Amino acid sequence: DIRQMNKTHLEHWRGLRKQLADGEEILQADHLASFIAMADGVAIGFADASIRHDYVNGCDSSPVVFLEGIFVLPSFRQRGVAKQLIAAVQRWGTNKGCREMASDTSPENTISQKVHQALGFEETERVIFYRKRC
């Protein structure tokens, strides 16, 4: 049971996000989309996505569908829920015209890295990001 998020789901979505305002912008925006997995009417997993038009490390085409975040409640892990949410994200990206899908994860997130490889992604590059307020 996978669905594109709407206002009803906003509440369940926040609880999971808290574990991994915006729901507002996402609902309103065209380049934004979030998906949710339900067990007995309860959101037990989600994935946030966006269509990126700026440079994306490791990608040579534009726009790109970017998996901004993904989370599945510990107890529902290893049942294919993420594989399903990512396939929904891919479908959405592909018909918004993206020829490639991208994602990122921390060097310490070993399970995440294995999940990305198991789902067909290829590591492109590792980078350190910086920031300075103007």
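Sequential numbering from 1, following the sequence displayed.
Absent coordinates between residue 20 and residue 21 - deposited residues affected, binned into four classes: Unmodelled stretch: 10 or more residues.
Between 26-34 and 75-83, point out the one with the higher average CA B-factor as the PDB entry records it. Looking at the record's C-alpha B-factors, the answer is 26-34.
### Message
Highest mean C-alpha temperature factor of the two stretches 59-67 and 92-100, which is it?
### Response
For C-alpha atoms only, the mean B-factor is higher in 92-100.
Q: Divide the modelled residues of the chain into thirds by Cα B-factor and specify which third, lowest, middle or highest, holds residue 115.
A: Answer is lowest: the recorded C-alpha B-factor places it there.
Margin query: When the deposited Cα B-factors of this chain's modelled residues are ordered and cut into thirds, is residue 128 in the lowest, the middle or the highest one?
Written below: Tercile = lowest for this residue's CA B-factor.
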